[PDB]
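Report on the structure given below.
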C-alpha cells in the first residue's frame with residue numbers, strides 16, 4: 018500500500034471559483050466523515066454518553082454548514098453551465114458531495130440511535 022501525505026495546496030480561494038468552493042466543501046466534509054467513522058464504530062459499542070453528545074454536536078455543525086453550503090453552491094453553479102471541462106468537474110463535484118452526504122446522514126442516524134445517559 019502507498020500512503021502519502023495529502024494536504025490542500027491551493028488554500029487561498031481569492032478567486033472564489035464555483036468549483037473551487039465546491040471541491041473544498043466536499044473535501045473537508047468527506048475527510049471529517051472518514052475520521053468520524055472511527056468514533057462512530059467505537060461509540061456504537063462504547064455507548065459513551067459524553068462521546069455521543071460530543072460527536073452529535075460536531076457532526077451537527079458539520080453536516081449543517083455542509084448541507085447549507087453545498088445546497089446553495091450547487092444551486093448556484095447549477096444555474097447555467099455547459100462545457101467539457103465544466104461537465105467533468107461538475108459531475109465529480111456532485112458525485113463526491115453526494116457520497117459524503119449519504120455517509121454523513123447514516124453516521125448521524127446511528128449516533129442518534131445509540132441510547133446513552
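In full-length UniProt numbering, the protein residues as written are 18 to 134. Yeah, the Cβ is synthetic: ideal placement off N, Cα and C, and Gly gets one too.
- Query: Taking C-alpha atoms, which residue in 39, 85, 70 lies nearest to residue 134?
  - Reply: Indexing the chain shown from 1 puts residue 134 at position 117. Nearest option by C-alpha distance: 70.
- Query: Is the beta carbon of residue 129 less than 7 Å from the beta carbon of residue 57?
  - Reply: For the purposes of this step, residue 129 is identified with residue 112 of the chain shown, where counting begins at 1. For the purposes of this step, residue 57 is identified with residue 40 of the chain shown, where counting begins at 1. Against a cut-off of 7 Å, the Cβ pair of residue 57 and residue 129 comes out as no contact.
- Message: Rounded to whole angstroms, what is the Cα-Cα separation between residue 104 and residue 35?
- Response: For the purposes of this step, residue 104 is identified with residue 87 of the chain shown, where counting begins at 1. For the purposes of this step, residue 35 is identified with residue 18 of the chain shown, where counting begins at 1. For residue 104 and residue 35, the distance between alpha carbons rounds to 13 Å.
- Please report how far the alpha carbon of residue 29 lies from the alpha carbon of residue 132, in whole angstroms. To locate residue 29, count along the chain shown from 1; it is residue 12. To locate residue 132, count along the chain shown from 1; it is residue 115. Those two C-alpha atoms are separated by around 42 Å.
- Starting from the Cα of residue 82, find the closest Cα among 18, 118, 98 and give me that residue. Looking up residue 82 in the chain shown gives position 65. Among 18, 118, 98, the Cα nearest to that of residue 82 is on 118.
- Length of the line joining the Cα atoms of residue 76 and residue 41: Sequence index remark: in the chain shown, residue 76 carries index 59 (1-based). Sequence index remark: in the chain shown, residue 41 carries index 24 (1-based). Near 18 Å, if we compare the C-alpha coordinates of residue 41 and residue 76.
- Item | Residue burial classification, residue 107 (beta-carbon count within 10 angstroms, cutoff 16) | The sequence position of residue 107 within the chain shown is 90, counting from 1. Counting Cβ neighbours within 10 Å, residue 107 comes out buried, since at least 16 surround it.
- Outcome for residue 121 when other beta-carbon atoms lying within 10 angstroms are tallied against a minimum of 16: As a first step, residue 121 must be located in the chain shown, where it is residue number 104. That one is buried.
- Got a sec, what are the start and stop residues for the alpha helix (DSSP H) residue 54 sits in? Sequence index remark: in the chain shown, residue 54 carries index 37 (1-based). Counting along the chain, residue 54 sits inside the alpha helix (DSSP H) bounded by residues 35-63.
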